4 protein chains.
Amino acid sequence: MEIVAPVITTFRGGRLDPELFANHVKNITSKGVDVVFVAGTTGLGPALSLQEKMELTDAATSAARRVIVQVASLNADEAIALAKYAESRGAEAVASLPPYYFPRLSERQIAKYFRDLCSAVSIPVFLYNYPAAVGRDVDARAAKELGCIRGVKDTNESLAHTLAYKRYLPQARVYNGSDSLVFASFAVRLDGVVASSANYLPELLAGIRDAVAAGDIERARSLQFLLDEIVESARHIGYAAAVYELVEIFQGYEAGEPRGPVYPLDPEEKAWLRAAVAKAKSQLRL
Amino acid sequence: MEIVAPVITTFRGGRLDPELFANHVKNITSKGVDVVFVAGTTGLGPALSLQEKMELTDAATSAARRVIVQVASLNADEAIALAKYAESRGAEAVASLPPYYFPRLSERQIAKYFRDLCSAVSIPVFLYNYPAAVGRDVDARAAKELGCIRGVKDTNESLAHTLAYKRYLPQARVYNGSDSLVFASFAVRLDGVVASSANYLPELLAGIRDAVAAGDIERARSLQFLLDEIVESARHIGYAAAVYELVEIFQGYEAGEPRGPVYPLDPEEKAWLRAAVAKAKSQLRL
Amino acid sequence: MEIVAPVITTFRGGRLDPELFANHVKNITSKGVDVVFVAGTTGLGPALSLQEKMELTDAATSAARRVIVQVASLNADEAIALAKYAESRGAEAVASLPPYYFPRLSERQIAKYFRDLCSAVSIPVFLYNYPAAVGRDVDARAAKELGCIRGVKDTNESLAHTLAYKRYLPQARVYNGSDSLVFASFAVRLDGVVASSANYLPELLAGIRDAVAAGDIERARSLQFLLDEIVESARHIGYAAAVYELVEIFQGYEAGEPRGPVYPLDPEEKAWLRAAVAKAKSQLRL
Amino acid sequence: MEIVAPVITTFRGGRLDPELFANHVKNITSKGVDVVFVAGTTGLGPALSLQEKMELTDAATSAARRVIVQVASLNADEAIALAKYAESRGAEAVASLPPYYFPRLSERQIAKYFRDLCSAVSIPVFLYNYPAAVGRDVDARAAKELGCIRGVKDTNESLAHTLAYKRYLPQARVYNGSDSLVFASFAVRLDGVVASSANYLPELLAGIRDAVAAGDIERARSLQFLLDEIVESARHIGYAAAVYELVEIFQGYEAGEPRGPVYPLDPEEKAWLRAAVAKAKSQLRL
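Rules of the game
Residues numbered from 1 in each chain as written, not as in the entry; some residues may be left out. Chains lettered and ligands numbered in written order. Heavy atoms only, no water. Residues with missing side-chain atoms left out of burial classes, pairs and counts. Helix = DSSP H or I, 4+ residues; strand = E, 2+ residues; numbered from the N terminus. Rg over C-alpha atoms; globule rule 2.2 N^0.38 Å. Contact = heavy atoms within 4.5 Å. Axes fitted to C-alpha atoms, helices over the stretch in contact; angles between N-to-C directions. Parallel < 35°, antiparallel > 145°, perpendicular 65-115°, else oblique. Left-handed = near helix turned anticlockwise from the far one by under 90°. UniProt positions renumbered as here; feature names shortened; annotations may be inferred. 1 Å grid on protein atoms, 1.4 Å probe; cavity = no way out; pocket = protein on both sides within 12 Å on 5 of 7 lines; lining within 4 Å. Points joined across faces, edges and corners; volume = space filled by probe spheres on them. Nonpolar A, V, L, I, M, F, W, Y, C, P; charged D, E, K, R; others polar. Least-squares fit on C-alpha atoms. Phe/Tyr/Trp six-rings, centres within 6.5 Å; stacked < 30°, edge-to-face > 60°. Buried < 20%, exposed > 50% of the residue type's maximum accessible area, 1.4 Å probe, protein only. Buried area = accessible area lost by both parts, 1.4 Å probe. Salt bridge = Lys/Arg side-chain N within 4 Å of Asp/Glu carboxyl O. Polar contact = N/O pair within 3.5 Å; in protein donor to acceptor, adjacent residues only side chain to side chain. Pairing = 2+ DSSP bridges. Core = buried A, V, L, I, M, F, W, Y, C linked by side-chain atoms within 4.5 Å. Disulfide = S-S within 2.5 Å. Right-handed = clockwise from strand over helix to strand, strands pointing away.

This deposited entry lists X-ray crystallography as its structure determination method and 2.000 Å as its resolution.

So this is what it looks like as structure tokens:
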């Protein structure tokens, strides 16, 4: 079972910094990340222009051997163009959010979007489902009804919703994206996890996976609860910005910054977070 | 009290068509539209490039005397740039959605976004609130606390939520954005309405306004109910794409197309919509 | 247009005090309440035994000329039984919540419940819709389909939702039950309001009704906002218990108390609430 | 890890039939049910009078060695009365929903409800959490703060929400109540499940438990998916009434019926369900 990192997009001086990005990717893949997922929500995907996603695709595919690229755009031609680009750069798969923002698009519109993406490339197309952010759900039955989905990332608190993709699409690779469900995902033998914490504590996720595989459910659960406490503190100050500071805290190198509306944490927020996780940090035998 | 059109963005072959747009704006403003609101949700704002939004700003300010440009972007630098551009082209105000898509941004991040817009321009900055599409609400209390909001457009079926902005911001111009609340907005004396149906039935909205002003409450209401039957059919088939077909059906000229993932309606959907609205339309006597 | 009070159920000791109830009914009906609605949510309906509701029926019909009895029970035989009892005591109508609590109920079960109710009496049966408390909505289209509904009380922040009942059911008496929409309800000419504040400020509700009729929209809105401030303070300490204390503050007599798990406000909560509404209270001229 | 049945309440004639009930309890306890949970949502608890719940308590404590009685009432005095009665009859624990139906009760009211319940008995008080039905959540933090909660049954699609009670109350016994999470609950080593399917397919739940315990984690998931198919079908016609028919289909004896507003299935619905679950039934064996 795989640890997939929905990797942060590392800005510095207003632009993408591929040196920060490459160092970060090479570190986390050394610590147990199997696959790099670029331009996911944790990577600020919908905030990135097509060219920024191309730059990120180049950086990810030159830093990691296994890369899935998130391609969604509210101009659907851009999703097709980037999917072809990712494929040419050696991505093992592409993924897409369903069309987001607009309420009450039709089922026909959603289906055409995904079918056009599948027609554009030969590599597997993944559904990246995230109803809290997207404002709609493409559930297991709908995903099967599309007729071309070969993988699912379900960023979702409902483990049963995620398991249902394995039921309706027995050949798809299915992953849950909730940090609170890493332990549970391995326990029920999903194909893997795509959790934001693979950015800052990949060795913890690997510890959970190891523990579950050894039958050590108590250790796995304990590691999970430690992770939950860290996530909880981070959510308190703006989770998406905090992920970057958590990388600095736990991995010890510069992680860059997000970009407005996802403004970087200020100095006072960074200091508060460092103290907030100091205890959980000391408890870590990984 | 004003009728404000959140005007459609008119594409041809996935490219912006400013002639279709200009003809449409000229027509609805001759039929009772007081103000043109460009790149709102009905105008596919989040789907438009910055280049497209600048072109749309040029075309709207050329075709209309009173223009508000909606500037939101998930790259905040782009919101600031377009707000300054809009001001330079003579927009009377700019509006923005709160940062959307991303769940759990912090209050500081949201406040910074709006405050940076207000500091970027001298013309009024409006809150454009649309919780169903944005995934968060900036309520009247929150809008007061921003400390620079001079207008609100509230695309919201809770009319008291919209009225609360007049309570907390007595100097602000406050509009409700729901088609189902045009009659109600005029009856409670909001500053006006920003309803998508100003695109396809602006004469019907002016008729509602006239009836309320005449104390003809029963007429205003029966006109509202006719509009509600039309909105219902349109929603059934996919509302955002449906608006374009309704413009053609009710106003009698070409309206262009939306762009995918907001794909244009297909022939069967259009035929269905035409049959669906035919009854209600006939019961109209303006 | 009517002011309908969803009257509080006055307990004293551990049990219903029908005398306190009669007195309260008499005072508010002398101050503008047109109809008394017994055992609604504000009257703690779902917490009352059949015997308590029968007792309210007797006391209300003896103290008021126009009485509607709310009869919902999760034993449908008690609803049928009480509806018959209310008719026999001279109630002008009965109302029911749809079946509540249970999430997994079919359209057929809901329709059967309302149709059996309609068969049981010859007086009008109202739908009492309150989705936030009930956990389900019976919307205008569904209410028409039931085929026997003659009135609706919609406790709902969506004025559009309530207006839809007048569209689908032109001969029904339709009331909105939100305190925040009293002004709006009279402005759009619903048949009336069934607002909790008729317990403690029936003269304010009448003042709003008078102001709308006179066309003094600005006074109507101003009175609405004062009411909103009062409701907001009450919601802070527990609205259902707070209504009783607001009756005491504004009407000057003992209102009795609710019963747990709706526990009466404690002395500190009462002192806080008195102080919280003091300014709005002094600003009240009528 | 335990299988707890939220047992159906068995009506015949519109009245309780304690002999159908006894036969049912005895059968399911012989096929792997460890504990009987009486008057839960599956048992129509909120629909039952205090006397009916006492009668159910008698029948359960006569037919089974281990009984937990669900005691919630919207008259808290009745919750206390029943808890004392359950203890007198030899129940090993009582549980309660939080106060339901009423929106926006205060934290003080909810805490007083639970603490008063704990002080009435010397047997343990469990929290029975079911946010979808109750309209409010008492999460793990809130549960710990109550200070007297000894067990938790969380009917919730969010497994991380359930797991949190083990984080905060590691001494409490914690169960998840969603049928779609039986496999997952055993996999993460909750103390067990309280799933409605214990009524009709207890042997399937015991098979899932066995398979998780071997490590045929993949056969466990396969049995769960079969259960998910059957649940899917019952949900389609109205789950609460359908549970009774599923008992007849899979266990082959008379199950009684629910009582309206939870009306029994009609002959047509029953025929539809039997055909719908025939395939699943055929692949069962066990």
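**Student:** Account for the overall build of chain A, naming residues and giving values.
**Tutor:** A tally of regular secondary structure across chain A gives 13 helices and 10 strands. At 18 Å, chain A has a C-alpha radius of gyration in line with the 19 Å of a compact globule built from 286 residues. Seen along its three principal axes, the alpha-carbon backbone of chain A occupies a region of about 50 × 45 × 35 Å. A separation of at least 24 residues holds for 69% of the contacts in chain A among residues at least 6 apart in sequence.

**Student:** Describe the side chain of D:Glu245, and please don't skip the residues or the numbers.
**Tutor:** Of note, D:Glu245 is situated in helix α11 (residues 239-251). Residues contacting D:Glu245, with those up to four places away along its chain left out, are D:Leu265, D:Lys270, D:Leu273 and D:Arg274.

**Student:** I'd like a description of the packing of helix α9 (residues 202-213) of chain B against helix α10 (residues 217-237) of chain B, backed by residues and values.
**Tutor:** All names here are of chain B. Running from N to C, α9 and α10 point in directions that differ by 160°, and their axes come no closer than 7 Å. As the angle between them shows, α9 and α10 are arranged roughly antiparallel. Taken as a pair, α9 and α10 cross one another with a handedness that is left-handed. Across the interface between the two elements, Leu204, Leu205, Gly207, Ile208, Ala211 and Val212 of α9 pack against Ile217, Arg219, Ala220, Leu223, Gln224, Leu226 and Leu227 of α10.

**Student:** I'd love a proper account of unusual backbone geometry, names of residues and values included.
**Tutor:** A negative phi angle is the norm for most residues apart from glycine, just as the trans form is the norm for most peptide bonds. Despite not being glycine, B:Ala39 has its phi angle at roughly 65°, a positive value. Along the chain, B:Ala39 turns up in the loop between β4 (35-38) and α2 (50-63). For C:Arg189, which is not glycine, the phi torsion reads 55° and is therefore positive.

**Student:** Residue-level account of the UniProt feature "active site" in chain A, with values.
**Tutor:** The feature "active site", as given by UniProt, occupies A:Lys153 in the numbering adopted here. For A:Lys153, the location among the structural elements is in strand β8 (residues 149-154).

**Student:** Hey, could you go over the layout of surface pockets for me, with residue numbers and the actual values?
**Tutor:** Taken as a whole, the largest pocket spans an internal volume of roughly 1200 Å³. Lining the largest pocket are 41 residues, with A:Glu157, A:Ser180, A:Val231, A:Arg235 and B:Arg104 positioned closest to its centre. Among the elements of the structure, α5 (131-134), α10 (217-237) and α11 (239-251) of chain A together with α6 (140-146) and α7 (159-168) of chain D are those that each provide at least two residues to the lining of the largest pocket. Among the residues making up the lining of the largest pocket, the classes are represented as 19 nonpolar, 11 polar and 11 charged. Contributing to the lining of the second largest pocket are 37 residues, with A:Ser49, A:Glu78, B:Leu48, B:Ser49 and B:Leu50 lying nearest its centre.

**Student:** How would you explain the relation of the copies chain D and chain C if you had to name every residue and give the values?
**Tutor:** Between the two copies of this chain, the relationship is a rotation about some axis together with a displacement along it. Note on the copies: chain D fits chain C at an RMSD of 0.3 Å, the axial shift is 0.0 Å, and the rotation between them is 180°. On this basis, the relationship between the two copies can be described by a two-fold rotation axis. No C-alpha of chain D approaches the rotation axis more nearly than that of D:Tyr101, which lies at 3.3 Å.

**Student:** I'd like a description of the packing of aromatic side chains, backed by residues and values.
**Tutor:** Tallying each qualifying case throughout the model produces 25 aromatic pairs over all chains. On the numbers, 6.4 Å between centres and 40° between planes, the contact of B:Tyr128 with B:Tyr130 is tilted. B:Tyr130 matches B:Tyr128 in its accessibility class, with the two residues each being buried. When the centroid spacing of 5.2 Å and the interplanar angle of 85° are considered together, the rings of D:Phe37 and D:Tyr128 count as edge-to-face. With D:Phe37 in strand β4 (residues 35-38) and D:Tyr128 in strand β7 (residues 125-129), this residue pair connects regions lying 91 residues apart in the sequence.

**Student:** Got a sec to walk through the arrangement of the chains? Specific residues and values, please.
**Tutor:** There is a clear gap between chain A and chain C: no contact, and 18 Å between their nearest C-alpha atoms. One thing to see here is that chain B and chain D don't touch, and their nearest C-alpha atoms sit 18 Å from each other.

**Student:** Help me get a handle on the interface of chain D and chain C, residues and values and all.
**Tutor:** Each partner contributes residues to the interface: chain D has 42 residues there, and chain C has 40 residues. Across the chain D/chain C interface, buried area totals approximately 3500 Å², and carbon plus sulfur atoms make up 60% of it. Its largest share of buried area at the contact with chain C, chain D owes to D:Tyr101, D:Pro261 and D:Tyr263, together 23% of the area lost on that side. For the interface between chain D and chain C, the tally reads 4 salt bridges. Put simply, chain D and chain C have 10 residue pairs in polar contact between them. Every element with two or more residues in the side of chain D that touches chain C is listed here: α3 (76-88), α4 (107-120), α5 (131-134), α10 (217-237) and α11 of chain D. Top element by residues in the side of chain D that touches chain C is α4(D). It accounts for 5 residues.

**Student:** Please set out the interface of chain B and chain A residue by residue, giving values where relevant.
**Tutor:** Taken together, the 40 residues of chain B in the interface contact 40 residues of chain A. Across the chain B/chain A interface, buried area totals approximately 3500 Å², and carbon plus sulfur atoms make up 60% of it. For the chain B face of the interface with chain A, the top three residues by lost area are B:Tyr101, B:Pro261 and B:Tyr263, together amounting to 23%. In this structure, the salt-bridge partner of B:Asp266 is A:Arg108, at a minimum N-O distance of 3.7 Å.

**Student:** Go over the sheet that holds strand β6 (residues 93-96) of chain A, please, and point to the residues and values.
**Tutor:** Residues and elements named next belong to chain A. Overall, parallel pairing links the 8 strands, which are arranged β1-β4-β5-β6-β7-β8-β9-β10 in a closed barrel. Pairing of strand β5 (residues 67-70) with β6 involves 3 bridges; the strand directions are parallel. For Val69, the partnering residue across the bridge sits in β6 and is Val94.

**Student:** Help me get a handle on the UniProt feature "binding site: substrate" in chain A, residues and values and all.
**Tutor:** Residues and elements named next belong to chain A. In the UniProt entry, the feature "binding site: substrate" is given for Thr41, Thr42, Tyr128, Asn129, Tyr130, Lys153, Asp154 and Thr155. Spanning 115 residues, the named residues form one tight spatial group whose C-alpha atoms are at most 13.5 Å apart. As for the lining of the largest pocket, the annotated residues named previously contribute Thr41, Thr42, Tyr128, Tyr130, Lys153 and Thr155. With near-sequence residues (within four places) excluded, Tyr128 lies in contact with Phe37, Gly40, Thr41, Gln70, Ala95, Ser96, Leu97, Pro98, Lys153 and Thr155. Among the polar contacts made by the side chain of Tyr128, one reaches the side chain of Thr41 at a distance of 2.7 Å. Mapped onto the fold, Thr155 is located in the loop between β8 and α7 (159-168). Using a relative accessible area of 13% as the deciding quantity, one classes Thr155 as buried. Other than its neighbours up to four places away in sequence, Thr155 contacts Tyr128, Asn129, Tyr130, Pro131 and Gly177.

**Student:** An account of the pairing of β4(D) is needed here, citing residue identities and associated values.
**Tutor:** Strand residues, when the strand is regular, have side chains that alternate between the two faces of the sheet. All names here are of chain D. Bridge analysis of strand β1 (residues 2-6) against β4 gives 3 bridges, and the strand direction is parallel. Each residue of the ladder has a partner; that of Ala5, found in β4, is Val36. Where β4 and strand β5 (residues 67-70) come together, 3 bridges link them in parallel fashion. The partner of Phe37 across the bridge, within β5, is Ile68.

**Student:** I'd like a rundown of the packing of helix α10 (residues 217-237) of chain C against helix α11 (residues 239-251) of chain C, residues and numbers included.
**Tutor:** Helices that pack against each other are described as a pair by the angle of their axes relative to one another and the distance between those axes. Residue and element names in this part refer to chain C. Look at α10 against α11: their axes get within 8 Å of each other, and the N-to-C directions meet at 130°. Viewed along their axes, α10 and α11 adopt a mutual orientation that is oblique. The hand of the α10/α11 crossing is right-handed. Along its contact with α10, which presents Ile230, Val231, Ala234, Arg235 and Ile237, the element α11 presents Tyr239, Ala242, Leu246 and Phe250. Split by residue class, the contact of α10 with α11 holds 8 nonpolar, no polar and 1 charged.

**Student:** Can you tell me about the side chain of B:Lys166, naming the residues and giving the values?
**Tutor:** The residue B:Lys166 is located in helix α7 (residues 159-168) in this model. Excluding its chain neighbours within four sequence positions, the residues that come into contact with B:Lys166 are B:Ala172, B:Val174, B:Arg189, B:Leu190, B:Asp191, C:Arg221 and C:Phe225.

**Student:** Help me get a handle on the nonpolar core, residues and values and all.
**Tutor:** Residues A:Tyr200, B:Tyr200, C:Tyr200 and D:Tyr200 are the most contacted members of the largest nonpolar core, which totals 498 residues. Beyond its immediate sequence surroundings of up to four residues, A:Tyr200 is in contact with A:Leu227, A:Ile230, A:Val231, A:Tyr239, A:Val243, A:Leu246, A:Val247, A:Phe250 and A:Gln251.

**Student:** Lay out the state of the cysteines in plain terms, naming residues and giving numbers.
**Tutor:** Residue and element names in this part refer to chain C. Going through the model one piece at a time under the given rule, you end up with 4 disulfides over all chains. Residue pairing for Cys118: its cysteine sulfur links by disulfide to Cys148, the two sulfurs lying 2.1 Å apart. The chirality of the disulfide connecting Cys118 with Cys148 is right-handed, given an S-S dihedral of about 75°. Taken together, the residues span a long stretch of sequence, with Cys118 in helix α4 (residues 107-120) and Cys148 in the loop between α6 (140-146) and β8 (151-154) at a distance of 30 residues. A residue is classified by how much of its surface remains accessible, and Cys118, at 17% relative accessible area, is buried.

**Student:** Just give me the short version of the pairing of β5(D), but keep the residues and values in it.
**Tutor:** All names here are of chain D. Residue alternation in β5 divides its side chains into two sets, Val67 and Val69 and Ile68 and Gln70, and both sets are buried. Each parallel crossover has a hand, and the one from β4 via helix α2 (residues 50-63) to β5 is right-handed. Once the chain exits β5 it traverses α3 before rejoining the sheet at strand β6 (residues 93-96), and the crossover so formed is right-handed.

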